[PDB]
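Descriptive analysis of the structure
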4 protein chains.
Amino acid sequence: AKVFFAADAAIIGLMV
Amino acid sequence: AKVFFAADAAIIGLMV
Amino acid sequence: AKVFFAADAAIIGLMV
Amino acid sequence: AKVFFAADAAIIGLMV
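So, a few notes on the structure that sits alongside this text. Each residue takes a number counted from 1 along its chain in the order the sequence is written, a numbering that need not match the entry; residues with no coordinates do not appear. Starting at A for chains and at 1 for ligands, labels are handed out in the order in which the entities are written. Calculated side-chain values reflect all of the structure's heavy atoms, with hydrogen atoms and water omitted.

Digging into the nonpolar core
Among buried residues, those of type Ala, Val, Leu, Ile, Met, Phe, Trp, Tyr and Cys that are joined through side-chain atoms within 4.5 Å constitute a nonpolar core. Residue burial is assigned from relative accessible area. The probe radius is 1.4 Å, only protein chains are included, and a residue is buried under 20% of its type maximum, exposed over 50%, and partly exposed in between. Residues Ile12(A), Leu14(A), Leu14(B), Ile12(C), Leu14(C) and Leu14(D) are the most contacted members of the largest nonpolar core, which totals 14 residues. Elements with a contribution of two residues or more to this core: β1 (3-7) and β2 (11-15) of chain A, β2 (12-15) of chain B, β1 (3-7) and β2 (11-15) of chain C together with β2 (12-15) of chain D. Two residues form a contact once any of their heavy atoms are found within 4.5 Å. Not counting residues within four places of it along the chain, the set of residues in contact with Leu14(C) comprises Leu14(A), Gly13(B), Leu14(B), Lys2(C), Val3(C), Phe4(C), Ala6(D), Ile12(D), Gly13(D) and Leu14(D). Put simply, DSSP marks the helices as runs of H or I at least four residues long and the strands as runs of E at least two long, and each gets a number from the N terminus on.

Considering the sheet that holds β2(C)
Read across the open sheet, the four strands follow the order β1(B)-β2(B)-β2(C)-β1(C); overall the sheet is antiparallel. On the outer flanks of this sheet lie β1 (3-7) of chain B together with β1 of chain C, each paired with one strand and no other. Across the sheet, the mean angle from the axis of one strand to that of its neighbour is 20°, orientation sign disregarded. Pairing between strands requires that DSSP locate at least two bridges from one strand to the other. Where β1(C) meets β2(C), five bridges bridge the pair, whose relative direction is antiparallel. The angle between two axes is taken between their N-to-C directions and runs from 0 to 180 degrees, where each axis is a line fitted to C-alpha atoms and a helix contributes only its stretch in contact.

Things to note about the interface of chain A and chain D
Chain A puts seven residues into the contact, and the matching count from chain D is eight residues. Carbon and sulfur atoms supply 66% of the area buried between chain A and chain D, which totals about 560 Å² over both sides. What counts as buried area is the accessible surface, traced by a 1.4 Å probe, that two parts surrender upon association, with contributions from both included. Of all residues in chain A, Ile12(A), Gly13(A) and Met15(A) give up the largest surface area on contact with chain D, accounting jointly for 67% of the area buried on that side. Whenever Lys or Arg places a side-chain nitrogen within 4 Å of a carboxyl oxygen from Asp or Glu, that contact is recorded as a salt bridge. Connecting chain A to chain D are zero salt bridges. Throughout this description, a polar contact denotes any pair of N or O atoms lying within 3.5 Å of each other; where both atoms belong to protein, one of them has to be capable of donating a hydrogen while the other can accept it, and for residues adjacent in sequence the pair is counted only when both atoms sit in side chains. In this structure, the connection of chain A to chain D is made through two residue pairs in polar contact.

What follows is the structure in structure tokens.
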């Protein structure tokens, strides 16, 4: 799967 | 709620 | 897109 | 970091 990154700042990974 | 986007296309995001 | 739900409890949506 | 799974298959989850 792939991990896409984003920020809330706190960094989070969206794993698909 | 907020939606943070890791990618804006296969839109990928986190809703909180 | 589809929103998958999970919990951290706080409920979050993973939008793909 | 923690990984919360919305789905465990096209595994979908949030890494924090």
